[PDB]
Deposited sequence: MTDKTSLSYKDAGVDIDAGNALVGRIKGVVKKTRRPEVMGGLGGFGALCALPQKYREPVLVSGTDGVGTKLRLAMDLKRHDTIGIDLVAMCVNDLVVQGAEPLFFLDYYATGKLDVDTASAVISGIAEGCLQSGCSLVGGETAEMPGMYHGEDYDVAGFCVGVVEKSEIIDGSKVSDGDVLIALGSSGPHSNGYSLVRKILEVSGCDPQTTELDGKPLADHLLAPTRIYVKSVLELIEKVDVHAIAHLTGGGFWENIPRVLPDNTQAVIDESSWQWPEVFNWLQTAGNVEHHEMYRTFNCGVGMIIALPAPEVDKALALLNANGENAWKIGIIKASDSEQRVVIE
């Protein structure tokens, strides 16, 4: 009860006109609407936020991972739900998480329409909590980005990340342990290391939806678990190879610190971390100049990162 009064405003303020067991009509502009759905958790980044006593942006991470996966196929995020599971309910901690979820929903354009807080005393020790996220998007059936248009000669455009986002934090915590440094004390390019590590995942919803309306996008890859090696081939047709130009961008410094402090090898960095790339967009070469101009002028860090070539190689991604 002490929580529902502190979070009834976030459900009210994120409300879309379509919102009426939560009720939400479909946006009127869709003639043949197709529902796109997904669920997620924040991951090991929860443990780092707990160790740091910083829960103010965990809810942004939760929404971002959901909504970024929806917009990959061209879907407009419609509504969001979360399942807050904990041992003993720390009202201040849950309020900070829900505030972050509300911020993520507002940036995504979707409404926080439902949720639940469950208390499992014997399963969570301390003040631990686990939050599941759930989001539903709508895409026009004819406008689904199914990746079937990815062809030889397409150019790859990368969108910069705000940091590690919400993947690879199991390795982050191991690197911090073996280095023994204090993340709040260790300064890194003028900011504490903890700020680099806890930075909320960037939400690409509005910029991608603006892009699809103006240029012809063939596919989009959200770089999450498994980094480049696992996520890029998910959008590649058979007999195609993605060639990444490693010189086209510099890693944000947090990834250099992680590599050095953990002695992490080249392939492992591109598997565990996004290394500064949140998303990769495949599109035909004549569309690149328009795409880069739109993205960089509308709040993104976009650059030409590579190309797609026809190839029967079993190594679907090359980072040279």
(request) Identify which parts of the deposited sequence carry no C-alpha coordinates, going from the N-terminal end onward. (result) 1-19, 40-45
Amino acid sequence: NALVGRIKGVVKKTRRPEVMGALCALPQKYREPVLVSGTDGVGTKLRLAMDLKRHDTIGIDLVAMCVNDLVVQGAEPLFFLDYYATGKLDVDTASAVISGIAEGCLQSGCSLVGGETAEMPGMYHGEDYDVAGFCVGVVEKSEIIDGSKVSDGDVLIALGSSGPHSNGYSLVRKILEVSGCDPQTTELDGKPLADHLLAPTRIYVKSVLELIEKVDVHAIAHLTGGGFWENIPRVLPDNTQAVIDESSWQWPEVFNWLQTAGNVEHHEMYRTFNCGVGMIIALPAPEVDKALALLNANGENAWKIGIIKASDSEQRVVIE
From here on, numbers count along this sequence of modelled residues.
(request) Check the entry's C-alpha temperature factors for 37-45 and 263-271, then say which stretch has the higher mean. (result) 37-45
(request) Could you settle it for me: does 306-314 or 9-17 have the higher average Cα B factor in the PDB entry? (result) 9-17
(request) From the list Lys206, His222, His196, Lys88, select the residue with the highest C-alpha B factor recorded in the entry. (result) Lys88
(request) Using the temperature factors in the entry, find which of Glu230, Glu103, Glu119, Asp245 has the highest value at its Cα atom. (result) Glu119
(request) Give the position of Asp69 by CA B-factor within its chain, expressed as the lowest, middle or highest third. (result) middle
(request) Taking the chain's C-alpha temperature factors as the reference, tell me which third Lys141 falls into: lowest, middle or highest. (result) middle
(message) Splitting the chain's C-alpha B-factors into thirds, which one does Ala25 fall into?
(response) middle
(request) Determine, from the deposited record, the chain-internal third of the Cα B-factor for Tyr124: lowest, middle or highest. (result) highest
(message) Ranking every modelled residue in this chain by its Cα temperature factor as given in the entry, which third contains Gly160?
(response) lowest
